[PDB]
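Participant: So here's run08.cif (mmCIF, C-alpha atoms and all ligand atoms).
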```cif
data_model
loop_
_atom_site.group_PDB
_atom_site.id
_atom_site.type_symbol
_atom_site.label_atom_id
_atom_site.label_comp_id
_atom_site.auth_asym_id
_atom_site.auth_seq_id
_atom_site.Cartn_x
_atom_site.Cartn_y
_atom_site.Cartn_z
ATOM 1 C CA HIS U 4 -2.090 29.242 9.085
ATOM 2 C CA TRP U 5 -0.478 28.291 5.846
ATOM 3 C CA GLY U 6 -1.882 25.705 3.488
ATOM 4 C CA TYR U 7 -2.882 25.131 -0.084
ATOM 5 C CA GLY U 8 -6.321 26.983 -0.340
ATOM 6 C CA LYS U 9 -7.188 30.233 -2.020
ATOM 7 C CA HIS U 10 -6.779 32.153 1.038
ATOM 8 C CA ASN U 11 -3.700 30.483 2.542
ATOM 9 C CA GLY U 12 -1.831 28.892 -0.336
ATOM 10 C CA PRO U 13 1.613 29.414 -1.893
ATOM 11 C CA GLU U 14 0.875 32.785 -3.225
ATOM 12 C CA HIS U 15 0.296 34.038 0.457
ATOM 13 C CA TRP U 16 3.259 32.402 2.153
ATOM 14 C CA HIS U 17 5.584 35.363 1.705
ATOM 15 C CA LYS U 18 3.641 37.424 4.248
ATOM 16 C CA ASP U 19 4.652 35.117 7.079
ATOM 17 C CA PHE U 20 7.854 33.768 5.502
ATOM 18 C CA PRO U 21 9.487 36.551 3.435
ATOM 19 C CA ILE U 22 12.204 34.126 2.258
ATOM 20 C CA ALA U 23 9.460 32.864 -0.080
ATOM 21 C CA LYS U 24 10.722 35.554 -2.481
ATOM 22 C CA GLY U 25 14.358 34.642 -1.899
ATOM 23 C CA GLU U 26 17.245 33.830 -4.239
ATOM 24 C CA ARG U 27 17.239 30.077 -3.897
ATOM 25 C CA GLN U 28 13.621 28.927 -3.671
ATOM 26 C CA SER U 29 12.214 25.562 -4.673
ATOM 27 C CA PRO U 30 10.755 23.941 -6.632
ATOM 28 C CA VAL U 31 11.912 25.075 -10.082
ATOM 29 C CA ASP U 32 11.242 24.124 -13.669
ATOM 30 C CA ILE U 33 14.013 21.852 -15.006
ATOM 31 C CA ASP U 34 14.803 22.956 -18.577
ATOM 32 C CA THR U 35 16.377 19.881 -19.991
ATOM 33 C CA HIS U 36 17.928 21.815 -22.805
ATOM 34 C CA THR U 37 19.799 24.194 -20.619
ATOM 35 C CA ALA U 38 20.842 21.882 -17.785
ATOM 36 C CA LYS U 39 24.452 21.058 -18.547
ATOM 37 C CA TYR U 40 26.040 17.691 -18.132
ATOM 38 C CA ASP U 41 28.687 17.926 -15.399
ATOM 39 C CA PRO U 42 31.259 15.070 -15.715
ATOM 40 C CA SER U 43 32.565 15.973 -12.290
ATOM 41 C CA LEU U 44 29.263 14.784 -10.651
ATOM 42 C CA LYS U 45 29.422 11.352 -9.013
ATOM 43 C CA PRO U 46 27.026 8.575 -8.966
ATOM 44 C CA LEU U 47 24.601 8.823 -6.189
ATOM 45 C CA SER U 48 25.008 6.413 -3.326
ATOM 46 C CA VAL U 49 21.654 5.449 -1.802
ATOM 47 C CA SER U 50 22.248 3.057 1.139
ATOM 48 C CA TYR U 51 18.892 2.065 2.513
ATOM 49 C CA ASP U 52 19.423 -1.625 3.409
ATOM 50 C CA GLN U 53 19.438 -0.818 7.173
ATOM 51 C CA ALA U 54 16.647 1.742 7.102
ATOM 52 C CA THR U 55 14.237 1.588 10.052
ATOM 53 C CA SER U 56 10.832 3.057 9.372
ATOM 54 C CA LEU U 57 8.845 3.828 12.506
ATOM 55 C CA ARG U 58 5.580 5.689 11.910
ATOM 56 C CA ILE U 59 3.361 7.403 9.357
ATOM 57 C CA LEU U 60 1.828 10.805 10.210
ATOM 58 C CA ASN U 61 -0.781 13.056 8.543
ATOM 59 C CA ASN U 62 0.573 16.513 9.350
ATOM 60 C CA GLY U 63 -2.206 18.424 7.674
ATOM 61 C CA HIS U 64 0.033 19.150 4.630
ATOM 62 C CA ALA U 65 1.041 15.689 3.471
ATOM 63 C CA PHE U 66 1.771 12.351 5.103
ATOM 64 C CA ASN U 67 5.271 11.586 6.387
ATOM 65 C CA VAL U 68 6.838 8.147 6.682
ATOM 66 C CA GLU U 69 9.362 8.668 9.495
ATOM 67 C CA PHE U 70 12.611 6.849 10.085
ATOM 68 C CA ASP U 71 14.953 6.269 12.993
ATOM 69 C CA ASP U 72 17.605 8.937 12.263
ATOM 70 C CA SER U 73 19.491 8.437 15.563
ATOM 71 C CA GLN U 74 22.321 6.503 13.631
ATOM 72 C CA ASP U 75 23.654 6.150 10.031
ATOM 73 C CA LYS U 76 21.242 3.526 8.928
ATOM 74 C CA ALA U 77 19.696 4.962 5.733
ATOM 75 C CA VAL U 78 22.102 7.432 4.140
ATOM 76 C CA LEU U 79 22.596 9.352 0.995
ATOM 77 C CA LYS U 80 26.110 10.209 -0.117
ATOM 78 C CA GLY U 81 27.972 10.936 -3.353
ATOM 79 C CA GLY U 82 26.288 12.580 -6.204
ATOM 80 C CA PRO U 83 26.854 16.343 -5.688
ATOM 81 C CA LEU U 84 27.198 15.901 -1.960
ATOM 82 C CA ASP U 85 30.193 16.160 0.437
ATOM 83 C CA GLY U 86 29.633 14.029 3.451
ATOM 84 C CA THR U 87 26.806 11.886 4.772
ATOM 85 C CA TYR U 88 23.119 12.642 4.892
ATOM 86 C CA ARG U 89 20.665 10.603 7.063
ATOM 87 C CA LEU U 90 17.160 9.804 5.982
ATOM 88 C CA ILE U 91 14.574 11.350 8.395
ATOM 89 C CA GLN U 92 11.280 11.064 6.442
ATOM 90 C CA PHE U 93 9.698 10.850 3.061
ATOM 91 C CA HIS U 94 6.478 12.351 1.843
ATOM 92 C CA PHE U 95 4.641 13.170 -1.401
ATOM 93 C CA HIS U 96 2.922 16.015 -3.153
ATOM 94 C CA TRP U 97 0.027 15.269 -5.533
ATOM 95 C CA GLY U 98 -2.813 16.705 -7.518
ATOM 96 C CA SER U 99 -6.576 16.662 -7.727
ATOM 97 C CA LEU U 100 -6.076 15.137 -11.256
ATOM 98 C CA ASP U 101 -3.322 13.251 -12.919
ATOM 99 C CA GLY U 102 -2.216 16.320 -14.928
ATOM 100 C CA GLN U 103 -0.713 18.134 -11.946
ATOM 101 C CA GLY U 104 0.786 17.342 -8.545
ATOM 102 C CA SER U 105 4.527 17.566 -8.913
ATOM 103 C CA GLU U 106 6.507 20.476 -7.490
ATOM 104 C CA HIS U 107 9.414 20.333 -9.890
ATOM 105 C CA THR U 108 8.453 20.355 -13.557
ATOM 106 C CA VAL U 109 10.468 19.086 -16.566
ATOM 107 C CA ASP U 110 10.232 21.430 -19.570
ATOM 108 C CA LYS U 111 7.004 22.672 -17.877
ATOM 109 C CA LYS U 112 5.593 19.134 -17.653
ATOM 110 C CA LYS U 113 3.793 18.434 -14.395
ATOM 111 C CA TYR U 114 3.778 14.870 -13.098
ATOM 112 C CA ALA U 115 0.889 13.363 -11.122
ATOM 113 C CA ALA U 116 2.949 13.386 -7.931
ATOM 114 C CA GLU U 117 6.442 13.819 -6.502
ATOM 115 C CA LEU U 118 8.161 11.891 -3.753
ATOM 116 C CA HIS U 119 10.619 13.668 -1.461
ATOM 117 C CA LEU U 120 13.131 11.617 0.570
ATOM 118 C CA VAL U 121 14.497 14.083 3.098
ATOM 119 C CA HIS U 122 17.999 13.679 4.522
ATOM 120 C CA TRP U 123 20.105 15.823 6.867
ATOM 121 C CA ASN U 124 23.867 16.388 6.969
ATOM 122 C CA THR U 125 25.310 14.531 9.885
ATOM 123 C CA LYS U 127 28.022 17.132 10.401
ATOM 124 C CA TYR U 128 25.322 19.367 11.984
ATOM 125 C CA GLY U 129 24.168 16.809 14.545
ATOM 126 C CA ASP U 130 20.381 17.161 14.292
ATOM 127 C CA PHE U 131 17.740 18.167 11.760
ATOM 128 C CA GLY U 132 16.920 21.423 13.434
ATOM 129 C CA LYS U 133 20.526 22.567 13.259
ATOM 130 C CA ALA U 134 20.897 21.308 9.706
ATOM 131 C CA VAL U 135 18.067 23.411 8.349
ATOM 132 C CA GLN U 136 20.020 26.484 9.414
ATOM 133 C CA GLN U 137 22.842 25.687 7.059
ATOM 134 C CA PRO U 138 23.064 26.123 3.269
ATOM 135 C CA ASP U 139 24.274 22.509 2.909
ATOM 136 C CA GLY U 140 22.126 21.121 5.681
ATOM 137 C CA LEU U 141 19.709 18.919 3.733
ATOM 138 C CA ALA U 142 19.690 16.702 0.688
ATOM 139 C CA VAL U 143 16.266 15.978 -0.755
ATOM 140 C CA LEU U 144 15.895 13.217 -3.318
ATOM 141 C CA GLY U 145 12.958 13.983 -5.556
ATOM 142 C CA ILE U 146 11.256 11.264 -7.640
ATOM 143 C CA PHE U 147 8.411 11.908 -10.071
ATOM 144 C CA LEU U 148 5.314 9.754 -10.178
ATOM 145 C CA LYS U 149 3.406 9.038 -13.412
ATOM 146 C CA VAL U 150 0.107 7.126 -13.592
ATOM 147 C CA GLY U 151 0.314 3.743 -15.324
ATOM 148 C CA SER U 152 1.260 0.389 -13.817
ATOM 149 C CA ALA U 153 1.044 -0.031 -10.065
ATOM 150 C CA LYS U 154 4.195 0.356 -7.916
ATOM 151 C CA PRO U 155 4.153 -2.744 -5.745
ATOM 152 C CA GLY U 156 6.384 -1.203 -3.160
ATOM 153 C CA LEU U 157 4.005 1.694 -2.661
ATOM 154 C CA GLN U 158 0.976 -0.418 -1.793
ATOM 155 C CA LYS U 159 1.840 -0.798 1.930
ATOM 156 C CA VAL U 160 1.764 2.985 2.196
ATOM 157 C CA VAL U 161 -1.502 3.303 0.329
ATOM 158 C CA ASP U 162 -3.290 0.748 2.377
ATOM 159 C CA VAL U 163 -2.504 2.402 5.766
ATOM 160 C CA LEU U 164 -3.845 5.794 4.667
ATOM 161 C CA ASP U 165 -7.362 5.056 5.869
ATOM 162 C CA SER U 166 -5.968 4.947 9.402
ATOM 163 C CA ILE U 167 -4.476 8.460 9.135
ATOM 164 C CA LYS U 168 -7.225 10.204 7.315
ATOM 165 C CA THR U 169 -7.095 13.486 9.178
ATOM 166 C CA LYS U 170 -4.555 15.975 10.432
ATOM 167 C CA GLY U 171 -2.671 14.817 13.538
ATOM 168 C CA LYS U 172 -3.348 11.103 13.097
ATOM 169 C CA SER U 173 -0.390 8.714 13.149
ATOM 170 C CA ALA U 174 0.031 4.961 12.877
ATOM 171 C CA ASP U 175 2.868 2.533 13.492
ATOM 172 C CA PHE U 176 4.711 1.937 10.229
ATOM 173 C CA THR U 177 7.645 -0.397 10.853
ATOM 174 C CA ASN U 178 9.628 -2.525 8.430
ATOM 175 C CA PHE U 179 8.819 -0.422 5.328
ATOM 176 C CA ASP U 180 11.636 -0.593 2.716
ATOM 177 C CA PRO U 181 11.980 2.716 0.782
ATOM 178 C CA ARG U 182 14.060 0.965 -1.855
ATOM 179 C CA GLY U 183 10.796 -0.149 -3.301
ATOM 180 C CA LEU U 184 10.018 3.465 -4.277
ATOM 181 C CA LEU U 185 13.093 4.037 -6.441
ATOM 182 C CA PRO U 186 13.237 3.884 -10.261
ATOM 183 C CA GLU U 187 15.790 1.762 -12.064
ATOM 184 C CA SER U 188 18.224 4.580 -12.952
ATOM 185 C CA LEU U 189 19.805 7.011 -10.556
ATOM 186 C CA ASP U 190 20.529 9.611 -13.224
ATOM 187 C CA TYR U 191 19.717 13.017 -11.770
ATOM 188 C CA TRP U 192 19.595 16.773 -11.987
ATOM 189 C CA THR U 193 20.887 18.858 -9.068
ATOM 190 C CA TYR U 194 20.658 22.440 -7.942
ATOM 191 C CA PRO U 195 20.726 24.447 -4.674
ATOM 192 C CA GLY U 196 17.349 25.354 -3.256
ATOM 193 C CA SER U 197 14.934 25.380 -0.364
ATOM 194 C CA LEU U 198 12.315 23.581 1.630
ATOM 195 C CA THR U 199 9.106 23.682 -0.453
ATOM 196 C CA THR U 200 6.857 24.300 2.598
ATOM 197 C CA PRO U 201 7.212 26.939 5.286
ATOM 198 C CA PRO U 202 9.631 27.909 6.689
ATOM 199 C CA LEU U 203 11.037 27.721 3.116
ATOM 200 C CA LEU U 204 14.641 27.693 4.418
ATOM 201 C CA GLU U 205 17.396 27.797 1.781
ATOM 202 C CA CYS U 206 19.182 24.699 3.120
ATOM 203 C CA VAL U 207 18.672 22.051 0.453
ATOM 204 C CA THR U 208 20.820 20.386 -2.166
ATOM 205 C CA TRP U 209 18.127 19.075 -4.518
ATOM 206 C CA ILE U 210 18.726 15.807 -6.357
ATOM 207 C CA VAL U 211 15.826 15.145 -8.776
ATOM 208 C CA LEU U 212 15.869 11.774 -10.522
ATOM 209 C CA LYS U 213 15.262 11.804 -14.277
ATOM 210 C CA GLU U 214 13.335 8.539 -14.424
ATOM 211 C CA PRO U 215 9.781 8.659 -12.912
ATOM 212 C CA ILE U 216 8.213 5.755 -11.137
ATOM 213 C CA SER U 217 4.890 4.434 -12.302
ATOM 214 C CA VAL U 218 1.985 4.178 -9.861
ATOM 215 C CA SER U 219 -1.534 3.101 -10.653
ATOM 216 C CA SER U 220 -4.556 5.366 -10.863
ATOM 217 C CA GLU U 221 -5.974 3.470 -7.909
ATOM 218 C CA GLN U 222 -2.887 4.211 -5.787
ATOM 219 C CA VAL U 223 -3.014 7.973 -6.400
ATOM 220 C CA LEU U 224 -6.772 7.960 -5.886
ATOM 221 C CA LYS U 225 -6.144 6.777 -2.351
ATOM 222 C CA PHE U 226 -3.760 9.694 -1.707
ATOM 223 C CA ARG U 227 -6.644 11.952 -2.718
ATOM 224 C CA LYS U 228 -8.944 10.523 -0.041
ATOM 225 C CA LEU U 229 -6.783 11.964 2.707
ATOM 226 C CA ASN U 230 -7.922 15.130 4.511
ATOM 227 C CA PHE U 231 -6.222 18.403 5.286
ATOM 228 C CA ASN U 232 -8.606 18.948 8.163
ATOM 229 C CA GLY U 233 -8.651 17.409 11.580
ATOM 230 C CA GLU U 234 -11.140 14.770 12.764
ATOM 231 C CA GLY U 235 -14.760 15.801 12.625
ATOM 232 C CA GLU U 236 -13.995 19.084 10.862
ATOM 233 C CA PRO U 237 -15.455 20.040 7.485
ATOM 234 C CA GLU U 238 -13.849 17.621 5.086
ATOM 235 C CA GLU U 239 -11.402 19.171 2.657
ATOM 236 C CA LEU U 240 -9.648 16.611 0.573
ATOM 237 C CA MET U 241 -5.826 16.654 0.708
ATOM 238 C CA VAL U 242 -5.186 17.377 -2.966
ATOM 239 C CA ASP U 243 -3.044 19.950 -4.796
ATOM 240 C CA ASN U 244 -0.561 20.110 -1.915
ATOM 241 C CA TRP U 245 2.215 21.287 -4.266
ATOM 242 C CA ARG U 246 4.099 24.598 -4.456
ATOM 243 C CA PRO U 247 4.483 25.810 -8.056
ATOM 244 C CA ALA U 248 7.823 26.425 -9.752
ATOM 245 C CA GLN U 249 9.766 29.436 -8.479
ATOM 246 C CA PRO U 250 12.230 31.685 -10.328
ATOM 247 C CA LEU U 251 15.580 30.083 -10.979
ATOM 248 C CA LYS U 252 17.478 33.344 -10.460
ATOM 249 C CA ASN U 253 21.185 32.986 -10.333
ATOM 250 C CA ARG U 254 21.303 29.144 -10.371
ATOM 251 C CA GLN U 255 22.413 26.439 -12.627
ATOM 252 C CA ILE U 256 20.858 23.030 -12.840
ATOM 253 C CA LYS U 257 23.471 20.307 -13.503
ATOM 254 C CA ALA U 258 22.875 16.893 -15.052
ATOM 255 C CA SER U 259 24.686 13.748 -13.959
ATOM 256 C CA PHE U 260 24.136 12.143 -17.364
ATOM 257 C CA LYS U 261 24.721 12.858 -21.055
HETATM 258 O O1 LIG I 301 6.755 21.408 6.277
HETATM 259 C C1 LIG I 301 7.588 21.255 7.130
HETATM 260 O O2 LIG I 301 7.272 20.565 8.184
HETATM 261 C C2 LIG I 301 8.956 21.806 6.955
HETATM 262 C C3 LIG I 301 9.785 20.790 6.264
HETATM 263 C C4 LIG I 301 10.369 19.764 6.984
HETATM 264 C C5 LIG I 301 11.115 18.750 6.330
HETATM 265 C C6 LIG I 301 11.293 18.792 4.918
HETATM 266 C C7 LIG I 301 10.708 19.860 4.266
HETATM 267 N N1 LIG I 301 10.882 19.909 2.856
HETATM 268 O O3 LIG I 301 10.583 20.914 2.241
HETATM 269 O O4 LIG I 301 11.325 18.908 2.203
HETATM 270 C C8 LIG I 301 9.953 20.847 4.916
HETATM 271 ZN ZN ZN I 302 8.102 17.833 -0.249
#
```
What's the structure tokens form of this structure?
Ligand SMILES: O=C(O)Cc1cccc([N+](=O)[O-])c1
Ligand SMILES: [Zn+2]
Facilitator:
Amino acid sequence: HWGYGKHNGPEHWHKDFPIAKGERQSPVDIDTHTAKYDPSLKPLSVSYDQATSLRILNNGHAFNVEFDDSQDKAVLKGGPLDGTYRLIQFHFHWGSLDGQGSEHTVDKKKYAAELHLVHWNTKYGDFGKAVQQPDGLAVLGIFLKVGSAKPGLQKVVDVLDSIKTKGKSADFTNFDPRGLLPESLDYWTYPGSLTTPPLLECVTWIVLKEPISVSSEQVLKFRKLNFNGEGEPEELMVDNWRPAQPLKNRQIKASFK
């Protein structure tokens, strides 16, 4: 099934998911010179004080930190959005080396990794219904550069040994995602898609301008994860990023001058 090898990676996905060649696919390259400042954009409202993390899962593609999304406890609002979007999970994409790993690029620059905080529009009731709608999801994307450690990341890094292989989970309560945010909430936004199959065109992307810094040691621990299941040939979970897709008939808008 789909993955990130030679035989099953991004360049193959269209055969099972023809929307891979669609009009609003993600990620994209962000051309900072052509993204226009939109004064009508609002500040983003990230309200994570009541967030309830529950579990961390290796799904064979990344690891997900899952939240209780049965009430409006961690929500994203404002920005480009109408209405309220509940946090369901976050996950990352990363490289085999520090010079690649992000999905979005900035003037063709690849970051070492990219964090995706996935939220669904409460007007649709549940995640599965929301992904069927063009305004169903809001994904907050945050770039990771290698430098100083991110203290708030370390709890995640240190549990990864317990979820080495596909289908492993571990309890992961009381994790505060605020510790993964940069200082500024300046952002770019555009309409796009899930970046893994089924590649549904249901996402308002909000990509923060300011990266977070993580240490080399932190990203090295991401790269010890496995795509494979327990006792299968080990294949390191690295390069689990989809490359930039054609922008087509879209505009990327900036919240900032
Ligand atoms: O790979 C999946 O399981 C599908 C999926 C589910 C939730 C968010 C997603 N995203 O692209 O941000 C993709
Ligand atoms: Zn993602």
Participant: Would you please work out which residue, of U:189, U:115, U:184, U:120, is nearest to ligand ZN 302 (chain I) when using all atoms listed in the file?
Facilitator: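 Under the stated criterion, the closest residue is U:120.
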Participant: Return as a PyMOL selection string the set of residues that the PyMOL selection byres (((chain U and resi 231) around 8) and not hetatm) yields on the displayed structure.
Facilitator: chain U and resi 63-65+169-170+229-230+232-233+238-241
Participant: When you look at residue 261 in chain U with a cut-off of 12 Å (counting only C-alpha atoms), what residues show up, excluding the ones that are within fewer than 5 positions of it in the same chain? I need them as a ChimeraX atom specification.
Facilitator: /U:35-36,38-42,44,190-192,213
Participant: Could you expand the PyMOL selection byres (((chain U and resi 254) around 8) and not hetatm) into the explicit residues it covers here, written as a count of residues only?
Facilitator: 8
Participant: Throw together the list of residues within 8 Å of ligand LIG 301 (chain I), counting only C-alpha atoms and all ligand atoms, and drop it here as a PyMOL selection string.
Facilitator: chain U and resi 62+64+92+119-121+143+197-203
Participant: Residues around (-11.0, 6.4, 4.9), cut-off 8 Å, counting all atoms listed in the file - what are they as a PyMOL selection string?
Facilitator: chain U and resi 164-166+168+228-229
Participant: Export C-alpha atoms of the chosen residues as a short mmCIF file (atom, residue, chain, number, x, y, z; two decimals), keeping the file's coordinate frame?
Facilitator:
```cif
data_model
loop_
_atom_site.label_atom_id
_atom_site.label_comp_id
_atom_site.auth_asym_id
_atom_site.auth_seq_id
_atom_site.Cartn_x
_atom_site.Cartn_y
_atom_site.Cartn_z
CA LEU U 164 -3.84 5.79 4.67
CA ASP U 165 -7.36 5.06 5.87
CA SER U 166 -5.97 4.95 9.40
CA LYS U 168 -7.22 10.20 7.32
CA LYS U 228 -8.94 10.52 -0.04
CA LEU U 229 -6.78 11.96 2.71
#
```
Participant: Apply the PyMOL selection byres (((chain U and resi 117) around 7) and not hetatm) to the structure shown and report the selected residues as number ranges by chain.
Facilitator: U: 95-97, 104-106, 116, 118-119, 145-148
Participant: Env of range 186-188 of chain U: 7 Å cut, atoms = all atoms listed in the file, seq-sep filter 5 positions within chain, self excluded. Answer as a count of residues only.
Facilitator: 3
Participant: Could you check how far CA of residue 114 in chain U sits from CA of residue 149 in chain U, in Å to one decimal?
Facilitator: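 Calculated distance between CA of residue 114 in chain U and CA of residue 149 in chain U is 5.9 Å.
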Participant: Between U:158, U:87, U:249, U:56, single out the one closest to residue 122 in chain U, counting only C-alpha atoms.
Facilitator: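 For residue 122 in chain U, the nearest of the given residues is U:87.
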Participant: Closest to ligand ZN 302 (chain I) among U:223, U:144, U:134, U:248, using only C-alpha atoms and all ligand atoms?
Facilitator: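 That would be U:144, the residue with the smallest distance to ligand ZN 302 (chain I).
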Participant: Between CA of residue 82 in chain U and CA of residue 244 in chain U, what is the distance in Å, rounded to a tenth?
Facilitator: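 Between CA of residue 82 in chain U and CA of residue 244 in chain U the gap is 28.2 Å.
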Participant: Report, in Å to a single decimal, how far apart CA of residue 51 in chain U and CA of residue 162 in chain U are.
Facilitator: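 These two atoms are separated by 22.2 Å.
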Participant: Find, counting only C-alpha atoms and all ligand atoms, the residue in U:93, U:179, U:16, U:260 that gets nearest to ligand ZN 302 (chain I).
Facilitator: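 Among U:93, U:179, U:16, U:260, it is U:93 that comes nearest to ligand ZN 302 (chain I).
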Participant: Applying 8 Å and all atoms listed in the file, which residues near residue 181 in chain U remain after dropping the ones on its own chain fewer than 4 positions away? List them as number ranges by chain.
Facilitator: U: 51, 54, 156, 185
Participant: Save out the residues we just selected, C-alpha atoms, as an mmCIF file, keeping the file's coordinate frame.
Facilitator:
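Done, and the output landed in selection-v5.cif:
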```cif
data_model
loop_
_atom_site.group_PDB
_atom_site.id
_atom_site.type_symbol
_atom_site.label_atom_id
_atom_site.label_comp_id
_atom_site.auth_asym_id
_atom_site.auth_seq_id
_atom_site.Cartn_x
_atom_site.Cartn_y
_atom_site.Cartn_z
ATOM 1 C CA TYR U 51 18.892 2.065 2.513
ATOM 2 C CA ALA U 54 16.647 1.742 7.102
ATOM 3 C CA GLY U 156 6.384 -1.203 -3.160
ATOM 4 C CA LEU U 185 13.093 4.037 -6.441
#
```
Participant: From the list U:110, U:26, U:85, U:221, which residue is nearest residue 48 in chain U when using all atoms listed in the file?
Facilitator: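 Looking only at the distances to residue 48 in chain U, the closest residue turns out to be U:85.
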Participant: Taking into account all atoms listed in the file, which residue in the set U:235, U:98, U:13, U:30 is nearest to ligand ZN 302 (chain I)?
Facilitator: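 Counting all atoms listed in the file, the residue closest to ligand ZN 302 (chain I) is U:30.
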Participant: Using only C-alpha atoms, which residues of range 131-200 of chain U come within 10 Å of range 67-75 of chain U, and what is the closest atom pair for each, with the distance in Å to one decimal? Give it as JSON lines, sorted by chain and residue number.
Facilitator:
```
{"residue": "U:131", "atom": "CA", "partner": "U:72", "partner_atom": "CA", "distance": 9.2}
{"residue": "U:160", "atom": "CA", "partner": "U:68", "partner_atom": "CA", "distance": 8.5}
{"residue": "U:173", "atom": "CA", "partner": "U:67", "partner_atom": "CA", "distance": 9.3}
{"residue": "U:174", "atom": "CA", "partner": "U:68", "partner_atom": "CA", "distance": 9.7}
{"residue": "U:175", "atom": "CA", "partner": "U:68", "partner_atom": "CA", "distance": 9.7}
{"residue": "U:176", "atom": "CA", "partner": "U:68", "partner_atom": "CA", "distance": 7.5}
{"residue": "U:177", "atom": "CA", "partner": "U:70", "partner_atom": "CA", "distance": 8.8}
{"residue": "U:178", "atom": "CA", "partner": "U:70", "partner_atom": "CA", "distance": 10.0}
{"residue": "U:179", "atom": "CA", "partner": "U:68", "partner_atom": "CA", "distance": 8.9}
{"residue": "U:181", "atom": "CA", "partner": "U:68", "partner_atom": "CA", "distance": 9.5}
```
